[PDB]
Every structure is written in C-alpha cells, then in structure tokens.
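Heads up, the thing below is written out as structure tokens.
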Ligand SMILES: [Zn+2]
Ligand SMILES: [Zn+2]
C-alpha cells in the first residue's frame, strides 16, 4: 500500500543483507532498564536476540548479560551463562545495544573490536548506541569487507586507539533494519 517499498540492501562488497525487524519499544525500554548505571555515568550493554523466519530476522529478546560497568566500557564477563541461556531458548545473536551516558553517539575503539565478532558471525549484525545526554542514538555496522578486515588485523593493545581509514558506517534509512510494532521481553542475567 501507500508508503511501502521493497528493499534490497547490500554490503560494500556486494553481499545481500537480510532484514532485521527491531521492536519500536526496544531503545526506550533499554534506557529504562539500565537507568541506574546511566545516572552514575556507567555504560551498560544488552544483546539483541531473536529468530530467523521467512528469510528475515526478528529481535524478540533484549538480554542483559553479566558485565563490567565502567565509564567507557561495558564488556561481558560471563559468556558461558549468556550462551547457555541463548542455546536453551533457541535464540540467535543479531547484534547488541549499549549506552554512552555522557559521550557523543559514535563507535569507540572498543565498540569496533566488540562488533567485529558479531558481524563476522552474521553479516547483518548491528550495534545500537544510545547517547541519552545528547538525546540521540544511532545504528552502526563495520564496512564489509574492508572495515571487518581492518579490525581483524588490528593488534593494538590499549583500550582506546585510532584506526586507519574508514572502518564503520551508520545503517542507512531505509536499509536492512526496519522498526515494527512488536512486543518485547527483557531478560536480565544479573
Ligand atoms: Zn560505545
Ligand atoms: Zn583496533
């Protein structure tokens, strides 16, 4: 009908990307759940989990794993329990979301290395970054193959370090991510 369209989304390398359906509620619900950390200027992450149905992914569960909260990272500390939870409930990893309580909306060095594993496993994988002090948010991915290659090769120690060239980009509007009016379940493993 009116205001509808078909999308064919491609990576930089020309690979077709399947659609990910994102609940309209997810961003705001996530900010609600992790507010105690945000008020302390501490980052929190959640994993975007779901299922593949008729050639498209549906995010159904926002899973908050055990993690180490700092002012500039929120790395998962117990991947075993996260994996066990996802396996038991047949939930795929589709991406992740995290806060920048006071920072601008961008992808940090750590964020790019974190995302690399997601997007190697699933070309469609996304990183949602909420920057509530700026009232902004963004959905990002690495360039594929070029950015994935840069991060795979990067051995710089040091929490925050620069990268040579363009490495990441915001998901286009419209593009392979579509919002839908769906229910949401938050699963907190903490
Ligand atoms: Zn970040
Ligand atoms: Zn690096």
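We number each residue from 1, going along the chain as drawn.
We read in the header that X-ray crystallography, 1.8 Å was used to get this structure.
Placement of Cβ uses the backbone N, Cα and C atoms for every residue, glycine included.
Straight from Swiss-Prot, the features:
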- 19-149: domain 'MPN' (DOMAIN)
- 43: site 'Indirect zinc-binding' (SITE)
- 98, 100, 111: Zn(2+) 1 binding site (BINDING)
- 98-111: motif 'JAMM motif' (MOTIF)
- 113, 154, 161, 163: Zn(2+) 2 binding site (BINDING)
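Here the features listed in Swiss-Prot are placed on the structure.
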residue: 43; record: site 'Indirect zinc-binding'; DSSP class: coil
residue: 98; record: Zn(2+) 1 binding site; DSSP class: strand
residue: 111; record: Zn(2+) 1 binding site; DSSP class: helix
residue: 154; record: Zn(2+) 2 binding site; DSSP class: coil
residue: 161; record: Zn(2+) 2 binding site; DSSP class: coil
Helix, strand, coil residue numbers for the domain 'MPN' (19-149) per DSSP?
43 helix, 45 strand, 43 coil
Rounded Cα-Cα span from residue 43 (site 'Indirect zinc-binding') to residue 154 (Zn(2+) 2 binding site), Å:
24
When distances run from the Cα of residue 163 (Zn(2+) 2 binding site) to each of the recorded positions 43, 98, 100, 111, the nearest one:
111
If you take the centroid of the Cβ atoms of 113, 154, 161, 163, the listed Zn(2+) 2 site, which other residues of that chain have their Cβ within 8 Å of it?
109, 112, 150, 151, 156, 162
Within 10 Å of the Cβ of residue 113 (Zn(2+) 2 binding site), how many other Cβ atoms can be counted across all chains shown?
16
Residues near residue 161 (Zn(2+) 2 binding site) in space but at least six apart in sequence (CB under 8 A):
109
Binding-site residues near ligand 2 among 98, 100, 111, 154 (Cβ under 6 Å):
154
Taking the center of the Cβ atoms of 98, 100, 111 at the recorded Zn(2+) 1 site, which other residues in this chain have a Cβ no more than 8 Å from that point?
43, 45, 74, 99, 103, 107, 108, 127, 129, 130
